[PDB]
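J.: Submitted below is the structure of interest, expressed as structure tokens.
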Amino acid sequence: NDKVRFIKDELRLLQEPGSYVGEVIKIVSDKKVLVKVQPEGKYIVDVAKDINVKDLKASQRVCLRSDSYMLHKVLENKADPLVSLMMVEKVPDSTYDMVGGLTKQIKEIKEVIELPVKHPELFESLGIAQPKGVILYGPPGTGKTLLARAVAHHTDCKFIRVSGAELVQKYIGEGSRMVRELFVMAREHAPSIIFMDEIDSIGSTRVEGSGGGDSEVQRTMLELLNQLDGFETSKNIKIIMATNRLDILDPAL
Amino acid sequence: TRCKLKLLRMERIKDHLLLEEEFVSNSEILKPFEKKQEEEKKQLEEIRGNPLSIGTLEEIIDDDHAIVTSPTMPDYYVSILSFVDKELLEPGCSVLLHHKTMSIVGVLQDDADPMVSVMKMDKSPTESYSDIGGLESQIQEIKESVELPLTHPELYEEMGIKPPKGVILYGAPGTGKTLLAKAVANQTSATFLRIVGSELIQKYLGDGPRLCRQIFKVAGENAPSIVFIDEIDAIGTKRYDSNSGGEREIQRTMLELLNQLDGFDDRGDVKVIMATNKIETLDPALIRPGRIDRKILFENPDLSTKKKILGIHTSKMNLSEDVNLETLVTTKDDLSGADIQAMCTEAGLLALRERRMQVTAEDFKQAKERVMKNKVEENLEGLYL
Amino acid sequence: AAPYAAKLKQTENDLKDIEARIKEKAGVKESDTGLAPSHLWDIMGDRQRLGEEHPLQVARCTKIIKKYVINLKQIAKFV
Amino acid sequence: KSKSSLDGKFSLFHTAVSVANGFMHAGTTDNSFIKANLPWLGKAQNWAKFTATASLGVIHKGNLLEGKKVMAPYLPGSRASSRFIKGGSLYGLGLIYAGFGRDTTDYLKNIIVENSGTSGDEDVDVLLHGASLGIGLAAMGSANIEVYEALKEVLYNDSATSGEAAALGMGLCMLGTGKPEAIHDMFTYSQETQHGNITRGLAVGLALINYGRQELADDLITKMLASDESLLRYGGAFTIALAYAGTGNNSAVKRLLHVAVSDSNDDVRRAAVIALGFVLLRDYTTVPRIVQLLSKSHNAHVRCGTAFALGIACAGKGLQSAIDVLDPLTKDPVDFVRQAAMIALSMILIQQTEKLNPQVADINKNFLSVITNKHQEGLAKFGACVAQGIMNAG
Amino acid sequence: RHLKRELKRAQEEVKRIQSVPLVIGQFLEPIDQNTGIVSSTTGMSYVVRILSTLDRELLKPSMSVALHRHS
Amino acid sequence: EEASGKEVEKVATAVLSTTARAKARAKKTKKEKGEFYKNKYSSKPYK
Amino acid sequence: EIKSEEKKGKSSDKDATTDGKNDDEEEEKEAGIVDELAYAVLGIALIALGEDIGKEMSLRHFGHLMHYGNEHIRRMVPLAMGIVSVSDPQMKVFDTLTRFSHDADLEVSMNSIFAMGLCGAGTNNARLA
Amino acid sequence: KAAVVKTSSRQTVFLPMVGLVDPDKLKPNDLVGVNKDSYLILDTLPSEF
Ligand SMILES: Nc1ncnc2c1ncn2[C@@H]1O[C@H](COP(=O)(O)OP(=O)(O)NP(=O)(O)O)[C@@H](O)[C@H]1O
Ligand SMILES: Nc1ncnc2c1ncn2[C@@H]1O[C@H](COP(=O)(O)OP(=O)(O)NP(=O)(O)O)[C@@H](O)[C@H]1O
Ligand SMILES: [Mg+2]
Ligand SMILES: [Mg+2]
């Protein structure tokens, strides 16, 4: 008796066409919220009756109906490409003794990475403040990659490989500004090690040139690390870069 | 000390009282709507209803019609229907449309956008003046051009010469250019708008000039004013894709800024400060030379400059007071204040390796040698013949 | 000293409360224009609303042919 | 409550207040309600105004002598302002005079013969609808053949809405006689009529006339269930209930459950549950255990008739088991299933003291909150006003 | 026995919806085990019901997916 | 009381409860500072 | 004549609200200057919700809050205030406000001339205004 | 006989060649009118370059 109800009930749910997904930008004084419907433009559209405007906050991703666009339920988990990337990459199982030798580098790297996350206060007291990041370079085949992943196990953070330009992403909007948007997403999804691999061998002509919109998008990201200082003060976002050579890298770094 | 306490006691009788007053006053006996509201309300709903499509207002034609663009691609010759008067509207504003029939049912949005958020800064900057140590003379050049005419145009009138307008800050990383601009503005206590250039350029078509025009409008209203456009050098002659494009949208945004610079209204009472590497990164076009007037070439710190800048840094490193301020200056090689930042960081870096429990006189001295060594190593010996 | 030291801690909880209560002030009330002598406008507005002569799309002639070829801004062509 | 919350211009609301209140003041004359709710009263229109005059007769039940006197200005002759007044007074008279005196039946009998022509005039259709319910009530259990003949002439005229009233009116007058000639004519006519209201009326009348008719209704039940019309099957179901009343019969009960499972249409499934409550009226012990299954039914209609059947069975002394089945039903989303649970609940605990039973307390306070919500549909509040009205009526 | 026939018929109904015509989309990430978010071929982000007894082990890794067109 | 009588009663308390605390507190402080469900029917006779 | 009694009752009440703050911040401690400035703005809003009529009387005394108390800051905060009080009824708020605004002129008062003339140009709502 | 139109509605439609409109008159990259509901080649249009 109970089983047949469930089968029927599912069918009745599916009927509803569309159904969408926005993000509350702000709350307004007539008891409506300005939603950015994520593929579409902006719309100003009321809250559901059930939830009051006090419950909602700035930048809350929400679900939406499609027959009136009135809000449905708040999303339990933020919709962002970054989340999916973590899933795939998986929790680091690599450890220091996977790679033997190169002993100097192994000891050293614990100091640079492990401590600003775990004890930001201790790393500051003995030393001063915190890094702006770490750039890894050396012979390919050193297993620099294997070192970054090994530390990441012991640190116990979300090791999200973002390899390459995010012009590859084209899921919603242009991929250009998704580069820039990385800061925002890393903050929400902390603790995070952003492992920015990108050799910057997309053209030597624009490494040495003034030309290059790839260079511009790259640049706007670097500035966010020092304007917003979200990552610096409460360190839990390490900005780990890796390039094959120190000398083919963009000179704003 | 004592005075702080006073302020806390006053707050704990102020906020508690306030909360209770609100409840009684707004509603209960008095009533929150008191009849008049109820009337406006019934009318408003009719004219409205959800959803409501936010809009962008292109031009007003006095005849109760307007030309609007919505999210959707075609434009609309729409009627204004009641609410906001034509006067109280500003073209270039984001406006409220009723979705079924697109008519201007009001305004409340007022360029609801992150750009507006970043640009506005009504208070004066965090930097107070010549806290910064050295390049005194340099900073007392930027004050002659900017500050001095806003505080007193009298002197300029009496000479028979237009006040200078504009300065262009140019040169080199490490001299804390950006900082000097904030410093001069604070003294003036000019409403000091600030914006990043990267925001004004984007892939999407025609949004760029809207934003750019707006900067100029906001500034003129709130004159006396300073507009600090940071990372104008960003835009340059970067051209997304060298097959084609970057010669359409980018070009259009540059144009707008300049067309409003002198403007249809006289904004000589809007100074501009452009922080940039060089004007040769940009396609040169900065219009009216005497309208950007004096240009400021940053020299790097010299010997006397870096004493003062040093003094701040060494106070952070624990017990480095032991090593006389002067003799620290002497023993190292002449370097820029930036390289002091590198050196100060080197002291703490060495203290971390050592597990030096408290920073010492021995650390600060060791720090000099490793920092100086880094810079020489990095240099390439091509051999002076 | 100590009786007013612990007020610092207390005040901040109270400031928080004022911030959430902002939204409470603003209510469900209109903050939009539509009152005064423009409340006379809304009775008339209602009648004009039912009238259909607006919105109309903006198009433009690209060829006069002895009809007209319009080109719409969504890039649709019509005679 | 009625004036403050429930709006009088809206017709569905006004019916709910009129019915709840009619009962509140029933069994003694009261004009208190007219006076209190006077502005409210002027708002009325259409069928809200018919119910407004008929409300008066529910109130004025008993005090037989002064029953006619109060209704005096509203009768035809003395009223021709409004046809809803003219018609709803005759229904109204018949309420007071339900099962009482036959001096009243006589008067109404005259009015029927006058209008048994064209009911095509607009006033006449309304008038004659009330007259027809009216005279049936007045003549209850008389077995006056004169009445029965009069309401045949309305049927054959094929009056739009009065055809239904007439058909019902026959079965109320000739209550429990199982006169075969009456049975034959009704059953046959119901096929011819294509309009559903007239058809429903005759289906249900066939059941009424076979009250306590026992195993001599068996001829009828086979035809009605086998009839291909859903309408006759719906009335078929209540033939069994009324004949086989009181003593459970095992035959009767198997038949009812079998029909409910097998017969797909949704009104018809509803008719069997309500119907079971009659057969097992004095043996209502095992009844919740049966209808336990029937609550869970997807069908909204089956859940409704489930709520009512329980109502009907234990309408006397309160039984705690029924209250449990009825709690989920109140919170079931379908609106009318809500309305069913509320009505059903107050019947079970009729006039039990609140102090004596804590449950009585919680249940009233739920009806009042519903009306306070505007979020709860028109129907749901319709249910709530009426139901409270039962709890503390007269 | 009566409820067995309903059950059986109830599954048949769902098969029509499951059947062609269909449209391809790409399952993104979950928001919840039994409700997820997808992107269509048409760039539209739809929050959609995960019908009962379907793939889960692999569904959550960004993977290509079908969507009933009208639902 | 039914729904009508309740609505007045409830709003009526709420005004007074807020209004007392909004004034009483500030004045006062500175004034100074300066079952048998089963139980059938008792077997006792009653008239 | 009967009317006068009510009207008075109100108008003084409005004024006295602002006066007690003024007497505190100016006579007593400099700490309270900041606490009454912070309290004042939220107190206009309360009165605006409670009465349309109450708002107008309080607005005038509000610009006088500045001059009588002698706030720390004669630069930023008056200018900000005055922009809001163009929209509102009364412009006698401006006359009291200005005596505080004097400062070192042609900074504050460079803004002042620029604001007033623009808004008069803007909407000639009255010659009186 | 058959026609591939690429519409100005940004769609691509394979339509039965209307027999009234001659196979001769038609050619590749003729500009043509097309009925707005049901897509059929309604008429021919002076070409624009
Ligand atoms: N220390 C090591 N011991 C054993 N095998 C190693 C070691 N380092 C690297 N390898 C192997 O060599 C392969 C190539 O090295 P890779 O992992 O690409 O290194 P990398 O130095 O991070 N490179 P790149 O980022 O391209 O400059 C690995 O996939 C391992 O199989
Ligand atoms: N007179 C000065 N004012 C400010 N900072 C100075 C001064 N002289 C030297 N400095 C040093 O420069 C540091 C800050 O410079 P910085 O912010 O890196 O540069 P910029 O010239 O604005 N360049 P960019 O990195 O291209 O934005 C200070 O922390 C000092 O160590
Ligand atoms: Mg690698
Ligand atoms: Mg800088």
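Labels used: A, B, ... for chains in the order of the structure tokens, numbers from 1 for residues in each chain, and numbers from 1 for ligands as shown.
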Can you pull out every residue with an atom within 7 Å of ligand 1? Use only C-alpha atoms and all ligand atoms and format it as a list in words.

T.: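 Counting only C-alpha atoms and all ligand atoms, the residues within 7 Å of ligand 1 come out as residues 99, 100, 137, 138, 139, 140, 141, 142, 143, 144, 145, 146, 242, 243 and 244 of chain A.
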
J.: Could you list, as a list in words, all protein and nucleic acid residues with an atom at most 7 Å from ligand 2, counting only C-alpha atoms and all ligand atoms?

T.: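 The residues within 7 Å of ligand 2, counting only C-alpha atoms and all ligand atoms, are residues 132, 133, 134, 135, 172, 173, 174, 175, 176, 177, 178, 179, 180, 301, 305, 306, 309, 336, 337, 338, 340 and 341 of chain B.
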
J.: Go ahead and save the residues from that selection, with N, CA, C and O atoms, as a short mmCIF file (atom, residue, chain, number, x, y, z; two decimals), in the first residue's frame.

T.:
```cif
data_model
loop_
_atom_site.label_atom_id
_atom_site.label_comp_id
_atom_site.auth_asym_id
_atom_site.auth_seq_id
_atom_site.Cartn_x
_atom_site.Cartn_y
_atom_site.Cartn_z
N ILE B 132 53.78 58.24 6.92
CA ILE B 132 54.75 57.77 6.01
C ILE B 132 56.02 58.62 6.23
O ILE B 132 55.93 59.84 6.31
N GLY B 133 57.23 57.97 6.25
CA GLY B 133 58.49 58.55 6.56
C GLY B 133 59.37 58.62 5.36
O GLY B 133 59.74 57.58 4.80
N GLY B 134 59.73 59.89 4.96
CA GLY B 134 60.65 60.20 3.83
C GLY B 134 59.83 60.27 2.62
O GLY B 134 58.62 59.97 2.54
N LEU B 135 60.54 60.72 1.57
CA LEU B 135 60.03 61.32 0.33
C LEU B 135 59.04 62.47 0.74
O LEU B 135 58.02 62.70 0.08
N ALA B 172 57.68 53.49 -10.51
CA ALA B 172 58.33 52.25 -10.25
C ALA B 172 57.62 51.70 -9.04
O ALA B 172 57.40 52.47 -8.18
N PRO B 173 57.32 50.36 -8.93
CA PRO B 173 57.01 49.61 -7.74
C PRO B 173 58.01 49.83 -6.62
O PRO B 173 59.16 49.95 -6.98
N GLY B 174 57.55 49.81 -5.32
CA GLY B 174 58.37 49.84 -4.16
C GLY B 174 58.48 51.11 -3.36
O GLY B 174 59.04 51.11 -2.28
N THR B 175 57.94 52.22 -3.94
CA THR B 175 58.02 53.56 -3.48
C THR B 175 56.72 53.93 -2.76
O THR B 175 56.63 54.98 -2.13
N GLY B 176 55.74 53.00 -2.85
CA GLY B 176 54.57 53.10 -2.10
C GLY B 176 53.87 54.29 -2.71
O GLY B 176 53.62 55.25 -1.96
N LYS B 177 53.58 54.31 -4.03
CA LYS B 177 52.94 55.34 -4.76
C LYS B 177 51.57 55.52 -4.34
O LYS B 177 51.02 56.64 -4.24
N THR B 178 50.97 54.33 -4.24
CA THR B 178 49.54 54.17 -4.01
C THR B 178 49.16 54.76 -2.70
O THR B 178 48.13 55.40 -2.45
N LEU B 179 50.05 54.55 -1.72
CA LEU B 179 49.92 55.00 -0.40
C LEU B 179 49.88 56.56 -0.43
O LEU B 179 49.35 57.14 0.48
N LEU B 180 50.75 57.24 -1.29
CA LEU B 180 50.96 58.72 -1.15
C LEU B 180 49.67 59.37 -1.50
O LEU B 180 49.34 60.39 -0.87
N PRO B 301 63.73 55.34 -2.80
CA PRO B 301 64.44 55.76 -1.59
C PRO B 301 65.89 55.80 -1.71
O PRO B 301 66.44 54.92 -2.44
N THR B 305 66.00 58.61 3.41
CA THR B 305 64.57 58.11 3.27
C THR B 305 64.45 56.81 4.04
O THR B 305 63.52 56.67 4.81
N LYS B 306 65.32 55.80 3.81
CA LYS B 306 65.14 54.46 4.30
C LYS B 306 65.45 54.47 5.79
O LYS B 306 65.25 53.46 6.41
N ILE B 309 61.71 54.58 7.31
CA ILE B 309 60.91 53.50 6.87
C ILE B 309 61.38 52.20 7.68
O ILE B 309 60.50 51.39 8.13
N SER B 336 66.47 50.01 -1.55
CA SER B 336 65.23 50.76 -1.54
C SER B 336 64.46 50.34 -0.31
O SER B 336 64.87 49.43 0.40
N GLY B 337 63.38 51.01 0.04
CA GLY B 337 62.58 50.75 1.22
C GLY B 337 61.92 49.42 1.00
O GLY B 337 61.46 48.86 1.95
N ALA B 338 61.76 48.93 -0.24
CA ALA B 338 61.09 47.69 -0.56
C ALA B 338 61.89 46.60 -0.12
O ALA B 338 61.38 45.57 0.29
N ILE B 340 63.96 46.77 2.32
CA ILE B 340 63.84 46.67 3.75
C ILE B 340 62.68 45.74 4.03
O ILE B 340 62.73 45.03 4.96
N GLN B 341 61.60 45.83 3.27
CA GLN B 341 60.48 44.94 3.60
C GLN B 341 60.95 43.50 3.47
O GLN B 341 60.64 42.74 4.40
#
```

J.: When you look at residue 124 of chain B with a cut-off of 12 Å (counting only C-alpha atoms), what residues show up, excluding the ones that are within fewer than 4 positions of it in the same chain? I need them as a ChimeraX atom specification.

T.: /B:120,128-129,181-194,225-226 /G:75-77

J.: Would you write out those residues with C-alpha atoms, as a CSV table (one decimal), in the first residue's frame?

T.:
```csv
chain,number,residue,atom,x,y,z
B,120,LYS,CA,31.9,54.6,-2.9
B,128,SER,CA,46.7,60.0,8.0
B,129,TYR,CA,49.4,62.3,6.7
B,181,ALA,CA,47.7,59.3,-2.9
B,182,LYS,CA,45.7,58.1,0.0
B,183,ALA,CA,47.8,60.3,2.4
B,184,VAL,CA,47.3,63.7,0.4
B,185,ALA,CA,43.6,62.9,0.2
B,186,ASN,CA,43.0,62.4,3.8
B,187,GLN,CA,44.3,65.9,4.7
B,188,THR,CA,42.0,67.5,2.3
B,189,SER,CA,39.2,65.3,3.6
B,190,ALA,CA,37.9,65.3,0.1
B,191,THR,CA,35.4,62.8,-0.7
B,192,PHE,CA,37.8,60.3,-2.1
B,193,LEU,CA,36.3,57.9,-4.5
B,194,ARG,CA,38.6,54.9,-5.4
B,225,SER,CA,36.3,65.6,-4.9
B,226,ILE,CA,39.2,63.4,-5.8
G,75,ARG,CA,33.7,68.4,7.9
G,76,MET,CA,32.1,65.2,6.8
G,77,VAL,CA,29.0,64.4,8.9
```

J.: Can you pull out the residues contacting segment 46-63 of chain B? Cut-off 6 Å, using only C-alpha atoms, and skip same-chain residues under 5 positions away; I want them as a ChimeraX atom specification.

T.: /A:43-45 /B:68-70,91-99

J.: Those residues with N, CA, C and O atoms, as a short mmCIF file (atom, residue, chain, number, x, y, z; two decimals), in the first residue's frame please?

T.:
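And here is the file that came out, selection.cif:
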```cif
data_model
loop_
_atom_site.label_atom_id
_atom_site.label_comp_id
_atom_site.auth_asym_id
_atom_site.auth_seq_id
_atom_site.Cartn_x
_atom_site.Cartn_y
_atom_site.Cartn_z
N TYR A 43 16.66 39.61 -11.57
CA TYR A 43 15.26 39.80 -11.35
C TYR A 43 15.11 40.11 -9.96
O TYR A 43 15.61 39.41 -9.10
N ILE A 44 14.25 41.12 -9.68
CA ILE A 44 13.76 41.31 -8.34
C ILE A 44 12.44 40.62 -8.14
O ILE A 44 11.51 40.73 -8.89
N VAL A 45 12.48 39.70 -7.09
CA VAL A 45 11.49 38.69 -6.89
C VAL A 45 11.37 38.39 -5.41
O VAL A 45 12.40 38.37 -4.76
N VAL B 68 14.16 51.87 -22.64
CA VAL B 68 14.75 50.99 -21.71
C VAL B 68 15.20 49.78 -22.42
O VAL B 68 14.69 49.49 -23.47
N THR B 69 16.22 49.14 -21.80
CA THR B 69 16.82 47.85 -22.12
C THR B 69 16.51 46.99 -20.94
O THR B 69 16.65 47.41 -19.79
N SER B 70 16.14 45.70 -21.05
CA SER B 70 15.95 44.79 -19.96
C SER B 70 17.00 43.69 -19.93
O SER B 70 17.93 43.78 -20.68
N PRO B 91 18.74 59.31 -15.68
CA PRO B 91 19.11 58.34 -16.71
C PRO B 91 20.48 57.73 -16.33
O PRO B 91 21.29 58.43 -15.68
N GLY B 92 20.63 56.44 -16.69
CA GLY B 92 21.76 55.62 -16.31
C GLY B 92 21.54 54.82 -15.00
O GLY B 92 22.46 54.16 -14.59
N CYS B 93 20.38 54.94 -14.47
CA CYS B 93 20.00 54.29 -13.21
C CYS B 93 19.41 53.03 -13.53
O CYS B 93 18.88 52.78 -14.65
N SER B 94 19.40 52.13 -12.59
CA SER B 94 18.72 50.84 -12.68
C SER B 94 17.40 51.07 -12.02
O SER B 94 17.29 51.74 -11.02
N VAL B 95 16.34 50.59 -12.66
CA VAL B 95 14.93 50.98 -12.44
C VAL B 95 14.09 49.76 -12.36
O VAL B 95 14.53 48.70 -12.75
N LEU B 96 12.86 49.92 -11.81
CA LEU B 96 11.93 48.80 -11.53
C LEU B 96 10.92 48.79 -12.68
O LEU B 96 10.41 49.86 -13.03
N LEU B 97 10.66 47.61 -13.34
CA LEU B 97 9.72 47.41 -14.46
C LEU B 97 8.74 46.44 -14.02
O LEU B 97 9.09 45.51 -13.28
N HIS B 98 7.45 46.54 -14.42
CA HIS B 98 6.50 45.47 -14.17
C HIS B 98 6.50 44.53 -15.33
O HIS B 98 6.60 44.91 -16.52
N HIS B 99 6.50 43.27 -15.05
CA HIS B 99 6.91 42.31 -16.04
C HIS B 99 5.87 42.11 -17.17
O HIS B 99 6.28 42.04 -18.30
#
```

J.: Taking only C-alpha atoms into account and nothing else, which residues of chain D lie no more than 10 Å away from chain E? Please answer as an MDAnalysis selection string.

T.: chainID D and resid 261:262 297

J.: Write a file of the selected residues as a CSV table (one decimal), in the first residue's frame, keeping N, CA and C atoms.

T.:
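The result, written out as out-v1.csv:
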```csv
chain,number,residue,atom,x,y,z
D,261,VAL,N,-13.8,-1.6,-3.4
D,261,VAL,CA,-12.6,-2.1,-4.0
D,261,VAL,C,-12.7,-2.1,-5.4
D,262,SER,N,-13.7,-2.6,-5.9
D,262,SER,CA,-13.8,-3.0,-7.4
D,262,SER,C,-14.1,-1.9,-8.4
D,297,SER,N,-5.7,5.1,1.6
D,297,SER,CA,-6.0,5.2,0.2
D,297,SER,C,-5.6,6.5,-0.4
```
